[PDB]
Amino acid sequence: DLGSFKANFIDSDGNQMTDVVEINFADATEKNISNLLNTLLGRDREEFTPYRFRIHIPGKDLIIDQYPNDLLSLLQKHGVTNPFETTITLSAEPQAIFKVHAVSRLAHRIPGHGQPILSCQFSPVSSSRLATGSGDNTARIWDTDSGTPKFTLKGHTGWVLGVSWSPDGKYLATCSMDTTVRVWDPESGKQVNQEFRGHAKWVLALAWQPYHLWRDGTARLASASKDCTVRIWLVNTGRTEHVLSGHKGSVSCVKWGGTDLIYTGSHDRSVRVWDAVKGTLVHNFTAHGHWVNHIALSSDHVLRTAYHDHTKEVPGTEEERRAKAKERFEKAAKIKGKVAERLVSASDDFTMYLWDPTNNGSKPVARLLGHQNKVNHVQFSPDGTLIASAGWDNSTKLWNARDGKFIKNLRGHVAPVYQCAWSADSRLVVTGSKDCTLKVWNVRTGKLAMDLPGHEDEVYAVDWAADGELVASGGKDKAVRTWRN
């Protein structure tokens, strides 16, 4: 009946995935073509990768990201005069094997904090445990199964600006205006040893060393401070291994990547890359024309949870745990077959820069222009294909993580957007706003999927648990809220 076409399958790198193959238009659904590609690649029936396909419109420079209900008509609409003897290039984008359901309603409101919540993060193990940091000088651990307080972590004498679980879930770290970092046991609620002292001013951000890189029988932890330095701590002994010095202004943000590089952004308007093992400066990016206050790595989500994944399988031994954590990172961070993390940074002049240190050094991949006010948060999607940026201009913007191109606005908030958080399958993003709402966005369609009123005041912090089940939020009204499907 309907005709056929030759298909040229290329991956995200632009490399041909299989030899050219003929496909009937009658069979040309995304599902069937995805099934076909999996088959051509020799995959096992039970190990198929779900593909979506960007269609390269023959005769022009347009790439369609949303697969059409009828391929033939899409081609004819675009003036493909001979659809039956033109090779169609299809970019294959692998999708998550699992699906995260959009949260849709309040699960629990839990009061406890006496001042605003500034930070919140789920355990990398499951959504059953949540941590928050507050201007009441405490962190808290919450039982999200029942919506009850679990532990109050007291000891800090200034605002808790950040909480961060160790990637294996065994520790929680907190940083504070009191110039200290504290490490806690989230199962017992007890502080581990003494406070980490050394910074001269407020401690602004934390980054755990990825689990698969731990050595000397200890976890390592990086802290960024207003004192313009980063310190690397040995967690077991509380000793500072390295002081990363050179920034001429406050180090507002810090990330620790899967090849043992540390990344920093500063009010001295620079973004720097450091060798964590040697404590030496590797790259100094000076493109920004204003204070840098936020950075993100393409690999953040996979490094956030070490060996913990959607399978809920935890390997038995230290070695196996390391191996699985490493394998997950390398599978997620390889571009063109080589491990290569990307970095995005934001300055107060509304600008973002996209970096590929491995392949570009200090020449940025792209400059990301479009926001009409400051960026308050930026996150790569877990699969590293997209960037979401939360703006003071009431918008969240989506960008291509490969070339920095603007893709679409997420419009809906009526006040500054303070944070965003990706679902683990890269399909959804949740945002929290000054307007006291959370909104869940369908990334593929660009549309509001779910609107979540409830908070009595501004929302400062949001997280989407890696297992997908719960979203958490907190802000000026002091009570934590969890959200469920």
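Just count from 1 along the sequence shown to find any residue number.
According to the PDB record, 194 to 202 carries the higher mean C-alpha B-factor of the two stretches 124 to 132 and 194 to 202. As recorded in the PDB entry, 71 to 79 is the stretch of 135 to 143 and 71 to 79 with the greater mean C-alpha temperature factor. In the PDB entry, the Cα temperature factor peaks, among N359, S381, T174, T264, at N359. Based on the entry's C-alpha B-factors, the most elevated value among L438, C420, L428, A28 belongs to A28. When the modelled residues of the chain are ordered by C-alpha B-factor, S4 sits in the highest third. In the deposited entry, the Cα temperature factor of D168 places it in the lowest third of its chain's modelled residues.
In the deposited entry, the Cα temperature factor of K397 sits in the bottom third of values across the chain's modelled residues.
For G14, the recorded CA B-factor ranks within the highest third of the chain. Only modelled residues enter the ranking. Sort the chain's modelled residues by C-alpha temperature factor and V20 lands in the highest third, per the entry.
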